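Asker: What follows is a single structure, and I will ask about it in a moment.
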Amino acid sequence: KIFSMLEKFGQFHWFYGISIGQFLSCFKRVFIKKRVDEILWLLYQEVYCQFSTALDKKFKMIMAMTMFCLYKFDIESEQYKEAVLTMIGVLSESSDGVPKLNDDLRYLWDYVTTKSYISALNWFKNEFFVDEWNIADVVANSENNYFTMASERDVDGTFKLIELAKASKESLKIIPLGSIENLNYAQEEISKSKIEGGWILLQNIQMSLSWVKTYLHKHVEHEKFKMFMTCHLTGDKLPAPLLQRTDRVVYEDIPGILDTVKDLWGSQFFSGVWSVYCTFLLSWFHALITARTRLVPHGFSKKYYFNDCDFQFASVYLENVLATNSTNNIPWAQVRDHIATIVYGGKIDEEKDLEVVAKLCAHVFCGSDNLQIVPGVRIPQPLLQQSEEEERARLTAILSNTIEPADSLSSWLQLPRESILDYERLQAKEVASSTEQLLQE
Amino acid sequence: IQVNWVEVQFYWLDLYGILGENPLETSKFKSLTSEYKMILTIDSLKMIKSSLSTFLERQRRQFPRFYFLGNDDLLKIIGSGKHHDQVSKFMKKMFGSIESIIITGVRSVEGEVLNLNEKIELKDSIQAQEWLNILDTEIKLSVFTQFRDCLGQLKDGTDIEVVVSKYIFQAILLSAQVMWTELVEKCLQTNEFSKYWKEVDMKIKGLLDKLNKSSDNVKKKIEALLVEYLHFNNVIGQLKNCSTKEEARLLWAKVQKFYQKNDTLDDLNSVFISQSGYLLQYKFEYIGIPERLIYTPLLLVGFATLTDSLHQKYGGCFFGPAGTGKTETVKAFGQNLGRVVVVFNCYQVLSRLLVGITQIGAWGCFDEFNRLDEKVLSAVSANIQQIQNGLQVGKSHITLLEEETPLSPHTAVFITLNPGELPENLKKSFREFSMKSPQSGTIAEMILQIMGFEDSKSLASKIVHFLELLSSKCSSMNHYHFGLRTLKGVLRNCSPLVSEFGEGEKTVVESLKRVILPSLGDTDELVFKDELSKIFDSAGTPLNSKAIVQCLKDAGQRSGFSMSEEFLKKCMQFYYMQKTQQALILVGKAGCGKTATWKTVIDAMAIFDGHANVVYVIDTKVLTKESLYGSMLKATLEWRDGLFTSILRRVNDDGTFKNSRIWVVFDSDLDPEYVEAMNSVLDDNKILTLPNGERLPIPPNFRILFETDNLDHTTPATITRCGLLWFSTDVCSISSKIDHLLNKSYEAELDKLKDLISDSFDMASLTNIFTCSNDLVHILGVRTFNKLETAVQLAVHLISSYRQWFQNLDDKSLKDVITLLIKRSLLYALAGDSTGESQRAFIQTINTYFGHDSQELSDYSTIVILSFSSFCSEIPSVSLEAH
Ligand SMILES: Nc1ncnc2c1ncn2[C@@H]1O[C@H](COP(=O)(O)OP(=O)(O)OP(=O)(O)O)[C@@H](O)[C@H]1O
Ligand SMILES: Nc1ncnc2c1ncn2[C@@H]1O[C@H](COP(=O)(O)OP(=O)(O)O)[C@@H](O)[C@H]1O
Ligand SMILES: [Mg+2]
Ligand SMILES: [Mg+2]
């Protein structure tokens, strides 16, 4: 039954397919680690632990809730099954009615009644499943040699891989692709690493899929040697024999707005005091618009991708504005229009999204004496007799002092709570609908 | 082997002119020429030419502009090193917008002439690359000195009408741009704008008055300069209405500004263009007098995003719905900076042109980058990614296409897309922009302002509201293009009508009728008429065309065609629509009357003008591509003449064809392959590009027609380029077609016989007969309108067979014989394509509707020699043997 569920998962996306031998090795892991009911429970925990990391967040919750449903339908009584299907139906807005009543059930009813969809979806993972595997756990407990990492756009696992390098004492050779010289360098470095060793990394094989499907299937126990491959979930389909021969892992984006501000601010090394202030405001605006992007049905109309190239373009534009102005009268309207229309609004085809970006630019780049960019913190204007090192010191201090509240998706992004609850309702509805479709057959 | 010997001789002479007259390949060529002089040597010469690519590549590297032409054409040009021919007539493909050389001058495609600073001596000893480089440098420095003395005259204080009639369009254009920028900056140092606004308004009025009375080329120049002068007026008017100085500074920084460096020792790099703080160097390349785009605010936004992309050496990507003007935006950006953007209408030729434009330094736009196959798309994406990676890192040289080639610092690559997308490698180094629908109101308003209409803003608003009402209310046909292209077509066709209808709403209404009404159905025509009554105040007063109508009626009477109201309407539409458009497309159902319509129009024009008419009915699909145009035989480098090329050569060489109107009718389906090779004549160029490179001119009276039945495989570009006339309903009645068929069958007691036959075809019973016949089940379903051509002809020929026994019988028996033959022909033509039981049912219907007084046609009845009998007496019993 669990393998049929995983086959149904693989029938949806090209990255979620599962082989029979993988499931049999996952079952062998139960007896390797250190009565029939305990073996069954360990099987459920081990399958979830080893096959959550190959799926994204929505399919993580779908798999967890379906596997909990299967185990509890086998173990518990009929009234338990009817109650759980009632809660799934009211989450999916398909069936209505109070459960016919257990601390877990009343906790879950308290979660559902107060309209907390995230808590209702995470209750299964919080209650039943114990262990969760990060990138280090899946790379350490793998006998495989080639690792394929997939993620959405505007997020990269390369920083996590360098963190693992600093943790596992290894050196990565990042190999960008896209040019024939880079292809020859990649082939030379793979030939070097397959003989000597060392962790070898490949970035974004999506545009080099031709070289991949002409080289890597034919190319596919060295010590301290693991090959990491990075692709994109939304890109073109990878070859099936290549996919079956590698340990597929999906890396997930951060939820922190202020963490994105820190990440953008720590990578800007220097161009006077006003350039530093403008770069700080640009980092905050980039983090705010990137955070607002991910709320696809409500924050925007479609899915856009404001990468670091847009930040580089806007930074060069701010540098050119600050350089060619000797009166220190910053043209705030000019930079607002050029950022909302040319830099960030260029790829936007809709009109409402352009209005959203224009409103965000008017709120962030207003250039007032006391700017409250979020409901939490206010950024004062710089003084004309301060060094750039002092300016960076006070900007770092005001970044470290402030904290991110629980409702940062509403207050910081300037969104009503109704939109957030409606988005969470849509997420829970599609998760529960997919679970019901899995559970009927 | 005569053709092989001729080809070998031609190859030997060409290569001797290329290299022999002025090492291993040279020795092999010398040995092969010695063997040919002693005497299948063609493959050896082809392999020698293939091995001579390194010398060919060095020749192409000597002067970069020679690279554009093909290998055969370049070999032909470099082989003619003494005659100084074929290089001036084919440098349009190299220089993009310059047609011929006058050295004392050059001629662009539009006909503008450039006067060089000084003459260049031409001699037979000078090779192609040296004098070509001298000509290029002299052209650029002549453009710079025209710039210089234009600013000398303008800063002197002279009038603009004296300098608009002297120098080329680029010089006066950029002189006006720089002068306007200086005045706007000087008046931005203060808060006074009305004086220079009034001055440029008076300049606009003076250029309009000079436009009214000058020649055609000068008229084109004044139009292309009034576009920018109206833009200057718009910018100054916007800056005048600004409340604060900050808003004025914002508006001035948004628009495109021009400056000149007065301190650099260099000349061609003394101009930088400022837009939102970024700088670009003007190139001083020649473009001619092209169709200047109307500077809408979205055009300035497109210029701003292309400037922002090119400041950091990123490519420019545009995407959006088709028809929003992205290709023209890129071209206008290129020609605003005085350079020609090379257009690749989307592997060997593509990457060849790509390395050519990255070696020359000219900008290249990949228009419609959504139609290539996956492998070539990915590989050219890798090529452009390599080019952009070289440009961003400032590499002096690039290893592109497995050769080491220099990288020009001014090379840029642009992409336009038509979704309804850019690959990852390209998107890592390109800037995507999504331009919206263009301001049709502003474009139409400015076009009307140049054209001299006293009411421009309200009239343009009414026109765009009318077109949007038709796009929202009419049916969703595949050929209903109501975008900006057809609006510009309406405005362009408003130009010949003003000489008789005047600058006003009436000309717009009449041209709107003439180029919108033909391409609509029936309910669409009703909607068009109602909306034209509602929006435009003019009711569409009739014009004076009684002479043409009478000529049409005389043509119909002498050709047998009757004149219904709808046939008259279609003929008048076709005539008024062929008065302006060169190549026309006639569409409609099968057998609806297209050929009759245009034949009647031709006869009417022949009577009205007294002018000779030549018709070449050439079906498109009956000739192959080689037979219709021409085939270059690769066996011996020979040429074969196609039919259309042969008749163009015959009409060009000619004294009969110099005083005649010659018409080519393509009376079959529209093939995309047969028309994409014809695209060179459909536009205003009117020049046919043969596969061998021959350019045959087409006279203005050489009017092309088309005649098909469907448009599902016709490109929308050819739909807009050619005129489309739609036959929604038949141009005939049943009685009129019957009368014409009778008349042509008579032409192909006689008067009494004709009168009796015509009186026997009573329309009252015939309409019911045809209505009953249309309800039956017919195999290979053909309309009754296309069965009348047999139903009349069969009866006419049967009576023509029985005419010689018609002088020895009574009148009633003659009427019975005529009626029986008519009933038999009606049976075997209308219901003659159905079952026997249905044929018998049609006999019962015929006997019911033609009355019992007439002779009752039986199921097996006939006429034997005359007496009435059946076929049962005509059956011979056959005694067959065993084997
Ligand atoms: N004014 C008219 N009065 C009477 N009959 C007419 C008139 N105009 C056309 N017809 C008839 O229409 C018939 C249709 O033939 P025609 O040559 O016009 O077809 P067409 O337009 O070439 O059709 P297709 O190419 O689709 O076969 C003619 O045979 C002619 O008898
Ligand atoms: N700003 C403008 N001024 C004048 N004409 C314009 C302008 N923008 C677009 N057009 C007209 O719109 C027409 C359609 O452009 P088109 O070639 O279809 O663009 P694309 O190929 O990118 O869709 C062109 O013939 C052009 O003359
Ligand atoms: Mg285009
Ligand atoms: Mg025809």
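Going down the list, the sequences are from chains P and D. When the letters of the first sequence are read in order and numbered with the deposited numbering, they come out as residues 3627 to 3660, 3670 to 3736, 3741 to 3859, 3867 to 3916, 3921 to 4091. When the letters of the second sequence are read in order and numbered with the deposited numbering, they come out as residues 1443 to 1464, 1472 to 1488, 1511 to 1573, 1579 to 1822, 1828 to 1901, 1907 to 2140, 2143 to 2236, 2245 to 2361, 2366 to 2383. Ideal Cβ positions, reconstructed from N, Cα and C, are used throughout, including at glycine.
1. Helix, strand or coil for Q3914 of chain P per DSSP?
2. Quick one: is the Cβ of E2285 of chain D within less than 6 Å of any heavy atom of ligand 4?
3. Going along chain D, which residues have a C-beta under 8 Å from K3997 of chain P?
4. Taking only beta-carbon positions, decide if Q3637 of chain P is within less than 7 Å of chain D.
5. Return no unless some Cβ of chain D is closer than 7 Å to the Cβ of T3974 of chain P.
6. If we require 4 or more residues per run, which alpha helix (DSSP H) segments fall completely within the stretch 3786 to 3815 of chain P?
7. I want to see whether chain P comes within less than 7 Å of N1851 of chain D, judged by CB atoms only; does it?
8. Assuming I1763 of chain D and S1568 of chain D are in contact, meaning their beta carbons sit under 8 Å apart, how far apart are those beta carbons, in whole angstroms?
9. Decide if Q2043 of chain D is buried, meaning its Cβ has at least 16 other Cβ atoms within 10 Å, or exposed.
10. Measure the C-alpha to C-alpha separation of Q1451 of chain D and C3959 of chain P and round it to an integer number of angstroms.
11. What does a CB cutoff of less than 8 Å around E3828 of chain P pick up in its chain, not counting 5 residues either side in sequence?
12. May I have the straight-line CA-CA distance separating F1795 of chain D from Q1840 of chain D, to the nearest angstrom?
13. Inspect the beta-carbon positions of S3818 of chain P and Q1867 of chain D and report whether they are closer than 7 Å.
14. Taking Cβ to Cβ, would you say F1916 of chain D is nearer than 7 Å to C1822 of chain D?
15. Just to check, is the beta-carbon of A1700 of chain D closer than 6 Å to a non-hydrogen atom of ligand 2?
16. Just checking: is the beta-carbon of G1753 of chain D within a distance shorter than 7 Å of some beta-carbon in chain P?
17. Using 10 angstroms around the beta-carbon of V2163 of chain D, count the other beta-carbons present and answer buried if the total reaches 16, otherwise exposed.
18. Assuming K1679 of chain D and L1774 of chain D make a contact with CB atoms under 8 Å, what is their CB distance in whole Å?
19. Can you pull the chain P residues whose beta carbon is under 8 Å from the beta carbon of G1810 of chain D, in chain order?
20. Buried or exposed for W2125 of chain D, going by 16 or more other Cβ atoms inside 10 Å?
21. Against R1725 of chain D, what residues of chain B qualify as contacts under a CB-to-CB distance less than 8 Å, listed in chain order?
22. How many Å lie between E1996 of chain D and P1887 of chain D at the Cα?
23. Does the beta-carbon of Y2345 of chain D have 16 or more other beta-carbons within 10 angstroms, so that it is buried, or is it exposed?
24. Suppose only complete runs of 4+ residues qualify. What are the alpha helix (DSSP H) ranges in the stretch 4014 to 4064 of chain P, listed by chain order?
25. Under the criterion of a Cβ to heavy atom distance below 6 Å, does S3951 of chain P qualify as lining ligand 1?
26. Could you tell me which of D:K2055, D:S1746, D:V2153 and D:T2144 sits nearest to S2216 of chain D, measuring between CA atoms?
27. Using 6 Å as the cut-off, classify the Cβ of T2081 of chain D as near or not near the heavy atoms of ligand 4, replying yes or no.
28. Where do the ends of the alpha helix (DSSP H) carrying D3958 of chain P lie?
29. Output the distance between the C-alpha atoms of residue 3919 of chain P and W3676 of chain P, rounded to the nearest integer angstrom.
30. Could you please give me the residues that DSSP links to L1756 of chain D through a beta bridge?
31. At a cut-off of 6 Å, is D3882 of chain P close to ligand 4 when judged by its beta-carbon and the heavy atoms of the ligand?
32. Name the DSSP beta bridge partners of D2023 of chain D, please?
33. Evaluate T2027 of chain D with the Cβ neighbour count: other Cβ atoms within 10 Å of its Cβ, from every protein chain shown; 16 or more gives buried, anything less gives exposed.
34. What residues of chain D sit near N3970 of chain P, judged by a beta carbon separation below 9 Å?
35. How would you call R4028 of chain P, buried or exposed, if buried means at least 16 neighbouring beta carbons within 10 angstroms?
36. When every heavy atom of ligand 2 is checked, does at least one fall within less than 6 Å of the C-beta of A1798 of chain D?
Answerer: Result, derived from the coordinates:
1. Residue numbering aside, residue 3914 of chain P sits at position 268 when the first sequence is read from its first letter. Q3914 of chain P: coil per DSSP, three-state reduction.
2. In the second sequence, residue 2285 of chain D corresponds to position 789, counting from 1. False, no ligand heavy atom lies under 6 Å from that Cβ.
3. Taking the first residue of the first sequence as 1, we reach residue 3997 of chain P at position 347. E1918, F1919 and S1920, listed in chain order.
4. As a first step, residue 3637 of chain P is located in the first sequence; it is residue number 11 there, counting from the start. Cβ-Cβ to chain D under 7 Å: no for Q3637 of chain P.
5. Indexing the first sequence from 1 puts residue 3974 of chain P at position 324. So yes, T3974 of chain P belongs to the interface.
6. 3797 to 3807
7. Against the second sequence, residue 1851 of chain D aligns to sequence position 370. No, its Cβ sits nowhere closer than 7 Å to a Cβ of chain P.
8. Sequence index remark: in the second sequence, residue 1763 of chain D carries index 287 (1-based). Sequence index remark: in the second sequence, residue 1568 of chain D carries index 97 (1-based). Yes, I1763 of chain D and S1568 of chain D are in contact; Cβ-Cβ is about 5 Å, under 8 Å.
9. Against the second sequence, residue 2043 of chain D aligns to sequence position 557. Under this definition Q2043 of chain D is an exposed residue.
10. The count along the second sequence starts at 1 and reaches residue 1451 of chain D at position 9. The count along the first sequence starts at 1 and reaches residue 3959 of chain P at position 309. Taking the straight line joining both Cα atoms gives about 60 Å.
11. To locate residue 3828 of chain P, count along the first sequence from 1; it is residue 189. Taken in chain order, the residues that qualify are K3812, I3814 and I3839.
12. Here the question's residue 1795 of chain D lines up with position 319 in the second sequence. Here the question's residue 1840 of chain D lines up with position 359 in the second sequence. Those two C-alpha atoms are separated by around 27 Å.
13. In the first sequence, residue 3818 of chain P corresponds to position 179, counting from 1. In the second sequence, residue 1867 of chain D corresponds to position 386, counting from 1. Result yes, Cβ atoms of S3818 of chain P and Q1867 of chain D sit closer than 7 Å.
14. Indexing the second sequence from 1 puts residue 1916 of chain D at position 430. Indexing the second sequence from 1 puts residue 1822 of chain D at position 346. Against a cut-off of 7 Å, the Cβ pair of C1822 of chain D and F1916 of chain D comes out as no contact.
15. Counted from its first residue, the second sequence places residue 1700 of chain D at position 224. Every heavy atom of ligand 2 is 6 Å or more from the Cβ of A1700 of chain D, so no.
16. One-based indexing of the second sequence puts residue 1753 of chain D at position 277. Yes, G1753 of chain D lies at the interface with chain P (some Cβ there is under 7 Å from its Cβ).
17. To locate residue 2163 of chain D, count along the second sequence from 1; it is residue 675. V2163 of chain D comes out buried.
18. In the second sequence, the residue the question calls residue 1679 of chain D occupies position 203. In the second sequence, the residue the question calls residue 1774 of chain D occupies position 298. In fact, because the Cβ distance is near 26 Å, the residues do not count as touching under 8 Å.
19. As a working note, residue 1810 of chain D is residue 334 in the second sequence. Within 8 Å Cβ-Cβ: nothing; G1810 of chain D doesn't reach chain P, min ~19 Å.
20. Your numbering for residue 2125 of chain D matches position 639 in the second sequence. Answer is exposed; the Cβ neighbour count stays below 16.
21. Here the protein chains are P and D, and chain B is not one of them.
22. Taking the second sequence and counting its residues from 1, one reaches residue 1996 of chain D at position 510. Taking the second sequence and counting its residues from 1, one reaches residue 1887 of chain D at position 406. Roughly 57 Å separates the two Cα atoms.
23. Residue numbering aside, residue 2345 of chain D sits at position 849 when the second sequence is read from its first letter. When all chains shown are included, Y2345 of chain D counts as exposed.
24. 4038 to 4051 and 4058 to 4061
25. The count along the first sequence starts at 1 and reaches residue 3951 of chain P at position 301. Checking the Cβ of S3951 of chain P against ligand 1 gives no.
26. Stepping through the second sequence from its first residue, residue 2216 of chain D is reached at position 728. Of the listed residues, the one whose Cα sits closest to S2216 of chain D is D:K2055.
27. Taking the second sequence and counting its residues from 1, one reaches residue 2081 of chain D at position 595. Result yes, Cβ under 6 Å from ligand 4.
28. Working through the first sequence from its first residue, we reach residue 3958 of chain P at position 308. Residues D3958 to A3973.
29. Looking at chain P, the numbering goes 3916 and then 3921, which leaves residue 3919 of chain P without any coordinates in this model.
30. Here residue 1756 of chain D corresponds to residue number 280 of the second sequence, with the count starting at 1. Paired residues: D:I1749.
31. Here residue 3882 of chain P is taken as the residue at index 236 of the first sequence, counted from 1. No - ligand 4 has no heavy atom lying nearer than 6 Å to the Cβ of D3882 of chain P.
32. The residue you call residue 2023 of chain D lines up with position 537 of the second sequence. According to DSSP, which records beta bridges pairwise, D2023 of chain D is partnered with nothing at all.
33. Position 541 of the second sequence holds residue 2027 of chain D. The residue is exposed, with fewer than 16 neighbouring Cβ atoms inside 10 Å.
34. Position 320 of the first sequence holds residue 3970 of chain P. By Cβ distance, chain D contributes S1752, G1753, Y1754 and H1787.
35. Here residue 4028 of chain P corresponds to residue number 378 of the first sequence, with the count starting at 1. Burial call: exposed.
36. On the second sequence, residue 1798 of chain D is found 322 positions in, with the first residue counted as 1. Yes, since a heavy atom of ligand 2 falls inside the 6 Å radius drawn around the Cβ of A1798 of chain D.
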